[PDB]
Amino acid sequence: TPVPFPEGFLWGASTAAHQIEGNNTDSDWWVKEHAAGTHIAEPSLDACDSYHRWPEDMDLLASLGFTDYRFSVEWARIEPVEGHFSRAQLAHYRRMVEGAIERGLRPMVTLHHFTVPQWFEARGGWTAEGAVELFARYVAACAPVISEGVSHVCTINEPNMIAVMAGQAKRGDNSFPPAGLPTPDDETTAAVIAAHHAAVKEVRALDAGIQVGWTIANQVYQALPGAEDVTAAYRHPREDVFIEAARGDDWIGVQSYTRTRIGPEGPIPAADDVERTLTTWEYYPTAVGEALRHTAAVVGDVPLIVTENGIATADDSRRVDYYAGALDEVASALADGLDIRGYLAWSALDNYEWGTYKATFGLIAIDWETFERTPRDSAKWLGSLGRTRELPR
């Protein structure tokens, strides 16, 4: 019962600058990774050295059959000191865009994927006076990167996760609960939404036909029989508000991995009678189905794109299983008339999982010493669908 690709359907994989590039030394995370008494288990250092080796990254994706590549461009590099924009680094990321096209890949550009200039953190971050303007200026500075060749732009990746973390930080909490998300910070929530809209305007004003939106950390919260009031009140600040703020955008990004069931007390963890991943989440291939359908409901008309979807595992056979279940759900969604314009697996490479390298999400394996890529069986199969243009069940 298999579903063809819609015309021009995005098909590829996704990375983030800090997680693959290496030597991202003017970021907030580079400081946090080496700061006194950091809980960050291991520092980022060289990651995959995609700063040098993105040509190979792209060659490999194109070779495999993928037609699209979602990558981030780093503010910390472009504005390493407040108000001193690097034309060098702008040209660097411009060549990434050109190089994608040159290699038969459509480049989707994320402008912000968590990390910030250290000076931006030191000011007071998203919450400080002027933060929206500073981000708006960064986005305008990226004009030469994105003015020609890019069809889709993400402004801010997972603003809901920024807000949740902004909550932890303001409370001095260092641990994230068994199930569910820390109570988001309302002031951060407002800030990123304003920054987002500011950015959308700056992108649209280039008059380049760019489709601009942002991406959601979809949690797939599930109400137990009589906990809908709780499930709803728990979900809105942590996801829906961010979907609501996107109702005017050209597209919206769906990012899905697992689920979390809510009962009368609140979110409930999985039991030991449920298989886990290397991130300790529940193995749940069909998460992207509910993430999509729920996103459509809130967002309305706006086209949907799965910008992240995958699994942390050492067993690639099990990864293939996850994607078969996920692509089955994407197929079912399209059939039921959801307007979904692409699919991008997380991740193209094994990468820095924000503190550890043991959680391997990659379609492509990385030797951390040599920086040699090695495509897994998963990558060859998903790649081939780029040519087959048909989702299995």
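A residue's number is simply how far along the shown sequence it sits, counting from 1.
A.B. asks: Would you mind comparing 237 to 245 and 257 to 265 for me and telling me which has the higher average C-alpha temperature factor in the entry?
C.D. replies: Between 237 to 245 and 257 to 265, it is 257 to 265.
A.B. asks: Look over 220 to 228 and 291 to 299 in the entry and identify the one with the greater average Cα temperature factor.
C.D. replies: Here the higher of the two C-alpha B-factor means belongs to 220 to 228.
A.B. asks: Going by the deposited entry, which of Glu56, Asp350, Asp28, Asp336 has the highest CA temperature factor?
C.D. replies: Answer, based on the entry's C-alpha B-factors: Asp336.
A.B. asks: Quick one: which of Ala194, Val139, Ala179, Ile156 has the biggest Cα B-factor according to the entry?
C.D. replies: Highest CA B-factor of the listed options: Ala179.
A.B. asks: Should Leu10 be placed in the lowest, middle or highest third of its chain by the C-alpha B factor in the entry?
C.D. replies: Answer is middle: the recorded C-alpha B-factor places it there.
A.B. asks: Is the Cα B-factor recorded for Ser384 in the lowest, middle or highest third of its chain?
C.D. replies: It falls in the top third of the chain.
A.B. asks: So where's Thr370 on the chain's Cα temperature factor ranking, which third?
C.D. replies: Middle third by C-alpha B-factor.
A.B. asks: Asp68's Cα B-factor: lowest, middle or highest third of the chain?
C.D. replies: For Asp68, whose C-alpha B-factor we compare with every modelled residue in the chain, the answer is the middle third.
A.B. asks: Taking only the Cα B-factors deposited for this chain, tell me whether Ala270 sits in the lowest, middle or highest third.
C.D. replies: Highest third, going by the recorded CA B-factors of the chain.
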